[PDB]
$ cat data-v1.pdb   # PDB, C-alpha atoms
ATOM      1  CA  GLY J 344       0.000   0.000   0.000  1.00  0.00           C
ATOM      2  CA  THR J 345       0.815   3.709  -0.244  1.00  0.00           C
ATOM      3  CA  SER J 346      -0.759   4.973   2.987  1.00  0.00           C
ATOM      4  CA  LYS J 347       2.292   4.841   5.266  1.00  0.00           C
ATOM      5  CA  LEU J 348       4.307   6.427   2.448  1.00  0.00           C
ATOM      6  CA  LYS J 349       1.840   9.315   2.215  1.00  0.00           C
ATOM      7  CA  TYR J 350       2.078   9.706   5.998  1.00  0.00           C
ATOM      8  CA  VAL J 351       5.883   9.977   5.876  1.00  0.00           C
ATOM      9  CA  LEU J 352       5.636  12.526   3.042  1.00  0.00           C
ATOM     10  CA  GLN J 353       3.019  14.726   4.740  1.00  0.00           C
ATOM     11  CA  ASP J 354       4.348  18.290   4.970  1.00  0.00           C
ATOM     12  CA  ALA J 355       7.798  17.026   3.993  1.00  0.00           C
ATOM     13  CA  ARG J 356      10.523  18.952   2.234  1.00  0.00           C
ATOM     14  CA  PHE J 357      12.198  17.480  -0.844  1.00  0.00           C
ATOM     15  CA  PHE J 358      15.642  17.998  -2.388  1.00  0.00           C
ATOM     16  CA  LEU J 359      17.040  16.806  -5.702  1.00  0.00           C
ATOM     17  CA  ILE J 360      20.416  15.089  -5.292  1.00  0.00           C
ATOM     18  CA  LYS J 361      22.491  14.771  -8.472  1.00  0.00           C
ATOM     19  CA  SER J 362      25.322  12.234  -8.318  1.00  0.00           C
ATOM     20  CA  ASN J 363      28.140  11.968 -10.845  1.00  0.00           C
ATOM     21  CA  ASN J 364      28.275   8.174 -10.641  1.00  0.00           C
ATOM     22  CA  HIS J 365      26.341   5.076  -9.662  1.00  0.00           C
ATOM     23  CA  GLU J 366      29.070   4.022  -7.206  1.00  0.00           C
ATOM     24  CA  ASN J 367      28.157   6.807  -4.792  1.00  0.00           C
ATOM     25  CA  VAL J 368      24.431   6.020  -4.885  1.00  0.00           C
ATOM     26  CA  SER J 369      25.244   2.335  -4.329  1.00  0.00           C
ATOM     27  CA  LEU J 370      27.364   3.228  -1.293  1.00  0.00           C
ATOM     28  CA  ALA J 371      24.556   5.426   0.021  1.00  0.00           C
ATOM     29  CA  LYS J 372      22.067   2.584  -0.463  1.00  0.00           C
ATOM     30  CA  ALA J 373      24.313   0.092   1.343  1.00  0.00           C
ATOM     31  CA  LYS J 374      25.523   2.269   4.234  1.00  0.00           C
ATOM     32  CA  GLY J 375      22.598   4.646   4.795  1.00  0.00           C
ATOM     33  CA  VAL J 376      24.691   7.813   4.468  1.00  0.00           C
ATOM     34  CA  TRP J 377      25.101  10.838   2.225  1.00  0.00           C
ATOM     35  CA  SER J 378      27.611  13.687   2.073  1.00  0.00           C
ATOM     36  CA  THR J 379      27.406  16.876   0.034  1.00  0.00           C
ATOM     37  CA  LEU J 380      29.267  20.129  -0.464  1.00  0.00           C
ATOM     38  CA  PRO J 381      28.959  22.646   2.401  1.00  0.00           C
ATOM     39  CA  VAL J 382      26.543  24.956   0.540  1.00  0.00           C
ATOM     40  CA  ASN J 383      24.080  22.067   0.308  1.00  0.00           C
ATOM     41  CA  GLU J 384      24.977  20.746   3.769  1.00  0.00           C
ATOM     42  CA  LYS J 385      23.849  24.045   5.302  1.00  0.00           C
ATOM     43  CA  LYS J 386      20.533  23.960   3.432  1.00  0.00           C
ATOM     44  CA  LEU J 387      19.821  20.357   4.443  1.00  0.00           C
ATOM     45  CA  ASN J 388      20.661  21.000   8.097  1.00  0.00           C
ATOM     46  CA  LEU J 389      18.265  23.970   8.129  1.00  0.00           C
ATOM     47  CA  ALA J 390      15.612  21.820   6.452  1.00  0.00           C
ATOM     48  CA  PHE J 391      16.082  18.945   8.914  1.00  0.00           C
ATOM     49  CA  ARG J 392      15.281  21.203  11.872  1.00  0.00           C
ATOM     50  CA  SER J 393      12.341  22.767  10.010  1.00  0.00           C
ATOM     51  CA  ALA J 394      10.167  19.878   8.798  1.00  0.00           C
ATOM     52  CA  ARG J 395       8.813  16.511   9.893  1.00  0.00           C
ATOM     53  CA  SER J 396      10.646  14.728   7.042  1.00  0.00           C
ATOM     54  CA  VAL J 397      13.382  15.837   4.638  1.00  0.00           C
ATOM     55  CA  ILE J 398      13.442  13.641   1.524  1.00  0.00           C
ATOM     56  CA  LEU J 399      16.433  13.312  -0.823  1.00  0.00           C
ATOM     57  CA  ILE J 400      15.530  12.151  -4.349  1.00  0.00           C
ATOM     58  CA  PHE J 401      18.593  10.763  -6.134  1.00  0.00           C
ATOM     59  CA  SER J 402      19.530  10.909  -9.815  1.00  0.00           C
ATOM     60  CA  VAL J 403      22.810   9.800 -11.385  1.00  0.00           C
ATOM     61  CA  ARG J 404      23.847  12.292 -14.055  1.00  0.00           C
ATOM     62  CA  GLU J 405      23.398  11.066 -17.644  1.00  0.00           C
ATOM     63  CA  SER J 406      21.403   8.027 -16.461  1.00  0.00           C
ATOM     64  CA  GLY J 407      17.987   9.332 -17.515  1.00  0.00           C
ATOM     65  CA  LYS J 408      16.475   8.072 -14.258  1.00  0.00           C
ATOM     66  CA  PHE J 409      16.043   8.612 -10.567  1.00  0.00           C
ATOM     67  CA  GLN J 410      17.538   5.813  -8.462  1.00  0.00           C
ATOM     68  CA  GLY J 411      15.363   6.143  -5.359  1.00  0.00           C
ATOM     69  CA  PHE J 412      14.617   8.369  -2.372  1.00  0.00           C
ATOM     70  CA  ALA J 413      15.512   8.476   1.312  1.00  0.00           C
ATOM     71  CA  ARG J 414      14.653  10.464   4.428  1.00  0.00           C
ATOM     72  CA  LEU J 415      17.242  12.294   6.533  1.00  0.00           C
ATOM     73  CA  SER J 416      17.494  10.740   9.968  1.00  0.00           C
ATOM     74  CA  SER J 417      20.188  13.121  11.272  1.00  0.00           C
ATOM     75  CA  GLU J 418      21.886  16.424  10.673  1.00  0.00           C
ATOM     76  CA  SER J 419      25.412  16.223   9.291  1.00  0.00           C
ATOM     77  CA  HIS J 420      28.209  15.020  11.553  1.00  0.00           C
ATOM     78  CA  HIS J 421      31.975  14.743  11.154  1.00  0.00           C
ATOM     79  CA  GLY J 422      34.492  12.168  12.332  1.00  0.00           C
ATOM     80  CA  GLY J 423      32.484   9.008  11.668  1.00  0.00           C
ATOM     81  CA  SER J 424      33.289   5.989   9.562  1.00  0.00           C
ATOM     82  CA  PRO J 425      35.226   7.265   6.530  1.00  0.00           C
ATOM     83  CA  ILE J 426      33.359   6.680   3.277  1.00  0.00           C
ATOM     84  CA  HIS J 427      35.221   5.836   0.064  1.00  0.00           C
ATOM     85  CA  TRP J 428      33.164   8.064  -2.196  1.00  0.00           C
ATOM     86  CA  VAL J 429      34.267   8.357  -5.806  1.00  0.00           C
ATOM     87  CA  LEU J 430      35.051  12.007  -5.888  1.00  0.00           C
ATOM     88  CA  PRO J 431      34.984  14.168  -9.034  1.00  0.00           C
ATOM     89  CA  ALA J 432      38.133  14.926 -10.996  1.00  0.00           C
ATOM     90  CA  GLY J 433      40.274  17.188  -8.820  1.00  0.00           C
ATOM     91  CA  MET J 434      38.115  17.061  -5.688  1.00  0.00           C
ATOM     92  CA  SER J 435      39.397  16.022  -2.266  1.00  0.00           C
ATOM     93  CA  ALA J 436      37.365  14.516   0.562  1.00  0.00           C
ATOM     94  CA  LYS J 437      38.253  17.491   2.771  1.00  0.00           C
ATOM     95  CA  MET J 438      36.059  19.589   0.461  1.00  0.00           C
ATOM     96  CA  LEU J 439      32.995  17.668   1.660  1.00  0.00           C
ATOM     97  CA  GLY J 440      30.858  18.651   4.599  1.00  0.00           C
ATOM     98  CA  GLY J 441      29.684  16.230   7.237  1.00  0.00           C
ATOM     99  CA  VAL J 442      27.848  12.942   6.823  1.00  0.00           C
ATOM    100  CA  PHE J 443      24.055  12.674   7.004  1.00  0.00           C
ATOM    101  CA  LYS J 444      22.415   9.459   8.091  1.00  0.00           C
ATOM    102  CA  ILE J 445      19.515   8.523   5.806  1.00  0.00           C
ATOM    103  CA  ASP J 446      16.808   5.843   5.798  1.00  0.00           C
ATOM    104  CA  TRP J 447      15.887   4.616   2.349  1.00  0.00           C
ATOM    105  CA  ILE J 448      12.190   4.751   1.476  1.00  0.00           C
ATOM    106  CA  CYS J 449      12.517   3.391  -2.069  1.00  0.00           C
ATOM    107  CA  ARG J 450      15.574   1.841  -3.731  1.00  0.00           C
ATOM    108  CA  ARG J 451      13.775   1.323  -7.065  1.00  0.00           C
ATOM    109  CA  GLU J 452      14.443   3.396 -10.186  1.00  0.00           C
ATOM    110  CA  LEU J 453      12.084   5.750 -12.013  1.00  0.00           C
ATOM    111  CA  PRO J 454      12.781   6.845 -15.609  1.00  0.00           C
ATOM    112  CA  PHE J 455      12.493  10.549 -16.395  1.00  0.00           C
ATOM    113  CA  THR J 456       9.954   9.693 -19.106  1.00  0.00           C
ATOM    114  CA  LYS J 457       7.524   8.894 -16.287  1.00  0.00           C
ATOM    115  CA  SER J 458       7.956  12.268 -14.521  1.00  0.00           C
ATOM    116  CA  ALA J 459       7.523  14.523 -17.582  1.00  0.00           C
ATOM    117  CA  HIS J 460       4.167  15.856 -16.324  1.00  0.00           C
ATOM    118  CA  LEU J 461       5.766  17.110 -13.081  1.00  0.00           C
ATOM    119  CA  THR J 462       7.219  20.625 -12.991  1.00  0.00           C
ATOM    120  CA  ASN J 463       9.032  22.226 -10.062  1.00  0.00           C
ATOM    121  CA  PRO J 464       7.822  25.750  -9.171  1.00  0.00           C
ATOM    122  CA  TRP J 465      11.059  26.426  -7.261  1.00  0.00           C
ATOM    123  CA  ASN J 466      13.090  25.859 -10.444  1.00  0.00           C
ATOM    124  CA  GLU J 467      11.145  28.058 -12.889  1.00  0.00           C
ATOM    125  CA  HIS J 468       8.514  25.321 -13.425  1.00  0.00           C
ATOM    126  CA  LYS J 469      11.014  23.252 -15.369  1.00  0.00           C
ATOM    127  CA  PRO J 470      10.462  19.464 -15.415  1.00  0.00           C
ATOM    128  CA  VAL J 471      11.448  18.098 -12.017  1.00  0.00           C
ATOM    129  CA  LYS J 472      14.311  16.050 -13.505  1.00  0.00           C
ATOM    130  CA  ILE J 473      16.019  19.377 -14.293  1.00  0.00           C
ATOM    131  CA  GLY J 474      17.969  20.939 -11.457  1.00  0.00           C
ATOM    132  CA  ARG J 475      21.342  21.415  -9.827  1.00  0.00           C
ATOM    133  CA  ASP J 476      22.410  19.153  -6.981  1.00  0.00           C
ATOM    134  CA  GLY J 477      20.542  20.388  -3.913  1.00  0.00           C
ATOM    135  CA  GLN J 478      17.630  22.053  -5.742  1.00  0.00           C
ATOM    136  CA  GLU J 479      14.604  22.111  -3.465  1.00  0.00           C
ATOM    137  CA  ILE J 480      11.477  20.531  -4.948  1.00  0.00           C
ATOM    138  CA  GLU J 481       8.135  22.104  -4.057  1.00  0.00           C
ATOM    139  CA  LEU J 482       5.852  20.022  -1.806  1.00  0.00           C
ATOM    140  CA  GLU J 483       3.173  18.979  -4.310  1.00  0.00           C
ATOM    141  CA  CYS J 484       5.676  18.185  -7.063  1.00  0.00           C
ATOM    142  CA  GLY J 485       7.900  16.236  -4.669  1.00  0.00           C
ATOM    143  CA  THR J 486       4.980  14.274  -3.234  1.00  0.00           C
ATOM    144  CA  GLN J 487       3.702  13.295  -6.677  1.00  0.00           C
ATOM    145  CA  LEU J 488       7.232  12.396  -7.802  1.00  0.00           C
ATOM    146  CA  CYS J 489       7.778  10.069  -4.860  1.00  0.00           C
ATOM    147  CA  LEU J 490       4.372   8.448  -5.445  1.00  0.00           C
ATOM    148  CA  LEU J 491       5.377   7.646  -9.055  1.00  0.00           C
ATOM    149  CA  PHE J 492       8.172   5.289  -8.005  1.00  0.00           C
ATOM    150  CA  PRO J 493       7.448   1.549  -8.035  1.00  0.00           C
ATOM    151  CA  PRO J 494       6.667   0.362  -4.497  1.00  0.00           C
ATOM    152  CA  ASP J 495       9.711  -1.056  -2.691  1.00  0.00           C
ATOM    153  CA  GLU J 496       8.300  -4.039  -0.841  1.00  0.00           C
ATOM    154  CA  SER J 497      11.637  -4.664   0.894  1.00  0.00           C
ATOM    155  CA  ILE J 498      11.172  -1.552   3.067  1.00  0.00           C
ATOM    156  CA  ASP J 499       8.922  -1.334   6.135  1.00  0.00           C
ATOM    157  CA  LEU J 500       8.058   2.285   6.892  1.00  0.00           C
ATOM    158  CA  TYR J 501       7.059   1.407  10.470  1.00  0.00           C
ATOM    159  CA  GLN J 502      10.609   2.127  11.686  1.00  0.00           C
ATOM    160  CA  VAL J 503      10.841   5.454   9.835  1.00  0.00           C
ATOM    161  CA  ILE J 504       7.477   6.572  11.208  1.00  0.00           C
ATOM    162  CA  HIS J 505       8.842   6.100  14.731  1.00  0.00           C
ATOM    163  CA  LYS J 506      11.707   8.541  14.046  1.00  0.00           C
ATOM    164  CA  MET J 507       9.340  11.391  13.131  1.00  0.00           C
TER
END
$ encode --input "data-v1.pdb" --output "structure tokens"
Amino acid sequence: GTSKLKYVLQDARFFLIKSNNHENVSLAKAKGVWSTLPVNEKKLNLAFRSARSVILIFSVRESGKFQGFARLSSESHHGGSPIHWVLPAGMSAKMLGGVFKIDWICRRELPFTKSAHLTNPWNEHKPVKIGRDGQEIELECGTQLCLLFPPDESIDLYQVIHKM
């Protein structure tokens, strides 16, 4: 069913996360963590304190798809388990901000062809697939986008509901 999902998404905030490679999304799916540049780290930390749920919707650049979505379970923190991210050409890990813990809500993919009717008012009403890493997605657009994904029957939202 979709009812617990709708409950988790009620009055949520949504952010588009654009990854350069599948390796980083795979690591995030396995370890339940994400790290971003400090400009986005600050926005996500503000969002986490501000809303019942902050949802990250992931897309690997040039893949033509979203790869899933997850809910922040913490603000960013430093000094944890080091994460062997594949960093872009020239980037160092010291350039990253802290690490966010995340709980995956859906690890299934959604092709952009299926989200073409969804526009994001906070990015000039462009199709929601269009946006820089960290672009906030307006509530209605983000809710409908998350509801388009195939259900992930491996995930039980009971545990996530208890963290809200």
$ resolve_selection --input "data-v1.pdb" --expression "the PyMOL selection byres ((chain J and resi 346) around 12)" --output "PyMOL selection string"
chain J and resi 344-345+347-353+490+494+499-501+504
$ residues_around --input "data-v1.pdb" --residues "residue 473 of chain J" --least-positions-apart "4" --cutoff "10 Å" --atoms "only C-alpha atoms" --output "list in words"
residues 359, 361, 455, 462, 463, 466, 468, 469 and 478 of chain J
$ closest_residue --input "data-v1.pdb" --among "J:374, J:365, J:385, J:356" --to "residue 398 of chain J" --atoms "all atoms listed in the file"
J:356
$ resolve_selection --input "data-v1.pdb" --expression "the PyMOL selection byres ((chain J and resi 495) around 8)" --output "list in words"
residues 448, 449, 450, 451, 493, 494, 496, 497 and 498 of chain J
$ resolve_selection --input "data-v1.pdb" --expression "the PyMOL selection byres ((chain J and resi 417) around 6)" --output "number ranges by chain"
J: 415-416, 418, 443-444
$ residues_near_point --input "data-v1.pdb" --point "(17.6, 5.9, -1.1)" --cutoff "10 Å" --atoms "all atoms listed in the file" --output "PyMOL selection string"
chain J and resi 368-369+371-373+375-377+398-401+409-415+445-452
$ closest_residue --input "data-v1.pdb" --among "J:461, J:453, J:394, J:442" --to "residue 492 of chain J" --atoms "all atoms listed in the file"
J:453
$ residues_around --input "data-v1.pdb" --residues "residue 437 of chain J" --least-positions-apart "3" --cutoff "12 Å" --atoms "only C-alpha atoms" --output "PyMOL selection string"
chain J and resi 378-381+421-422+425-426+428+430+433-434+440-441
$ closest_residue --input "data-v1.pdb" --among "J:405, J:481, J:467, J:476" --to "residue 384 of chain J" --atoms "only C-alpha atoms"
J:476
$ atom_distance --input "data-v1.pdb" --atom1 "atom CA of residue 360 of chain J" --atom2 "atom CA of residue 383 of chain J"
9.7 Å
$ residues_near_point --input "data-v1.pdb" --point "(8.8, 15.9, 0.2)" --cutoff "8 Å" --atoms "all atoms listed in the file" --output "PyMOL selection string"
chain J and resi 352-358+396-398+480-483+485-486+489
$ atom_distance --input "data-v1.pdb" --atom1 "atom CA of residue 388 of chain J" --atom2 "atom CA of residue 505 of chain J"
20.1 Å
$ atom_distance --input "data-v1.pdb" --atom1 "atom CA of residue 363 of chain J" --atom2 "atom CA of residue 503 of chain J"
27.7 Å
$ axis_aligned_box --input "data-v1.pdb" --around "segment 420-427 of chain J" --padding-each-side "4 Å" --output "lines of an AutoDock Vina configuration file"
center_x = 31.7
center_y = 10.4
center_z = 6.2
size_x = 15.0
size_y = 17.2
size_z = 20.3
$ closest_residue --input "data-v1.pdb" --among "J:408, J:475, J:386, J:395" --to "residue 459 of chain J" --atoms "all atoms listed in the file"
J:408
$ decode --input "data-v1.pdb" --residues "segment 362-378 of chain J" --atoms "C-alpha atoms" --output "mmCIF file, in the first residue's frame"
data_model
loop_
_atom_site.group_PDB
_atom_site.id
_atom_site.type_symbol
_atom_site.label_atom_id
_atom_site.label_comp_id
_atom_site.auth_asym_id
_atom_site.auth_seq_id
_atom_site.Cartn_x
_atom_site.Cartn_y
_atom_site.Cartn_z
ATOM 1 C CA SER J 362 25.322 12.234 -8.318
ATOM 2 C CA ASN J 363 28.140 11.968 -10.845
ATOM 3 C CA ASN J 364 28.275 8.174 -10.641
ATOM 4 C CA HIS J 365 26.341 5.076 -9.662
ATOM 5 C CA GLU J 366 29.070 4.022 -7.206
ATOM 6 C CA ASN J 367 28.157 6.807 -4.792
ATOM 7 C CA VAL J 368 24.431 6.020 -4.885
ATOM 8 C CA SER J 369 25.244 2.335 -4.329
ATOM 9 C CA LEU J 370 27.364 3.228 -1.293
ATOM 10 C CA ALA J 371 24.556 5.426 0.021
ATOM 11 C CA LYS J 372 22.067 2.584 -0.463
ATOM 12 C CA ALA J 373 24.313 0.092 1.343
ATOM 13 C CA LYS J 374 25.523 2.269 4.234
ATOM 14 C CA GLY J 375 22.598 4.646 4.795
ATOM 15 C CA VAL J 376 24.691 7.813 4.468
ATOM 16 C CA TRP J 377 25.101 10.838 2.225
ATOM 17 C CA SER J 378 27.611 13.687 2.073
#
